[PDB]
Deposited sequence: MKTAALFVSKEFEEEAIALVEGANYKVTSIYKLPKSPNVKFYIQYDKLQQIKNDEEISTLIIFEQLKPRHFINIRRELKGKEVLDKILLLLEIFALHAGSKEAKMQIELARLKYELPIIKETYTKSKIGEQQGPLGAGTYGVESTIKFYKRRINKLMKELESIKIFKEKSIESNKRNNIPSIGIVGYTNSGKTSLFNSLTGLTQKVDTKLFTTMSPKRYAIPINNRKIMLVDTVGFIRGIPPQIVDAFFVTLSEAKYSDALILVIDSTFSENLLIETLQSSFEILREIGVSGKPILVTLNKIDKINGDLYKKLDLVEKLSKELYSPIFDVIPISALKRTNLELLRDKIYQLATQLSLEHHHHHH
């Protein structure tokens, strides 16, 4: 596929894996961040030589923000093999999920702005600012069958749910038949934790495409403690309100129920009471396991009923 070597702290590893896969990479190797980073190469020189020459690794991904000197030196070595740091990784995730011209322009504006300090540390500078100025110009100027979008935080199992329904391009829109009805399933970008300031506008503009969909499926990790559940739901419904989602039916799926080892009904009833406190209209709240294929027919049937309600 696209294979990545990923450098990440233990604290972020789980999260960064799910991010790398949202950027359509397979993680084929994982290393901690270097204790004592290399002034030139950030990662160790011998490691960089191995990755340089390993035709099974297409891309180096470092879950941190790299200095311009690191980019210059890494890109030199890799010789056409790609390096993403954390900002460029998330811009890649956005680029793969964005279908609108406005989002595409914000992503490109961010990527241009991020290259500037790299070029400055290396006329080209002038070429880049003219494009940056043009896009900013055009952005300030633009400012003046049923579709169900899948939303939720990273690692909640949005891709697992989509794959499971589809039986599986960018952006990912995939029509499926349920009974006698055709339904368009839309992979929206996730809610993302810890978004670097530089890319917040590209993030929100990409996410705000969720308002194109007739209805939404909101995916929530059931393994979360009760107070983490409350917070996740408060923040999901916070964000949806602020991007201008209003009156769209929302089907909430409490996922990963297989991994709960614990009280599913109390979790379910908490999620249901709270989601209905925070938002209207809630279509329904159901428990599933997208991995273990638990309650998939329930999910199926509820997507069909919701599609019947929309039509």
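- Comparing the deposited sequence with the modelled residues shows gaps at 123-143, 166-178, 203-213, 357-364, with numbering starting at 1.
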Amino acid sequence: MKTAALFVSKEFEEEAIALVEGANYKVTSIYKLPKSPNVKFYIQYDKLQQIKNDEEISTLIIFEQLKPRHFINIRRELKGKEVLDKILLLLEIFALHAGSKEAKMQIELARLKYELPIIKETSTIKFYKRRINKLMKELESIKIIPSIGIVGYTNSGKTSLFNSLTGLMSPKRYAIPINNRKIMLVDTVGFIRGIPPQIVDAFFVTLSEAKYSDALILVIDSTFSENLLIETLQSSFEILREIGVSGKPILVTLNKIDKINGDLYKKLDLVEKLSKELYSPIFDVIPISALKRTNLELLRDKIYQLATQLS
From here on, numbers count along this sequence of modelled residues.
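- Here 129-137 and 153-161 are compared by their mean Cα B-factor, and 129-137 comes out higher.
- For the pair 257-265 and 52-60, the mean Cα B-factor is higher in 257-265.
- Residue set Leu207, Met169, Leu109, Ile87: peak C-alpha B-factor at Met169 (per PDB entry).
- For the set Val200, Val186, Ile142, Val83, the PDB entry assigns the largest Cα B-factor to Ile142.
- Ranked by C-alpha B-factor against the other modelled residues of its chain, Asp301 falls in the lowest third.
- Compared with the other modelled residues of the chain, the Cα B-factor recorded for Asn227 ranks in the highest third.
- Ranked by Cα temperature factor within the chain, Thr124 sits in the highest third according to the deposited record.
- Ranked by Cα temperature factor within the chain, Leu6 sits in the lowest third according to the deposited record.
- In this PDB entry, the Cα temperature factor of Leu33 sits in the top third of its chain's modelled residues, the highest group.
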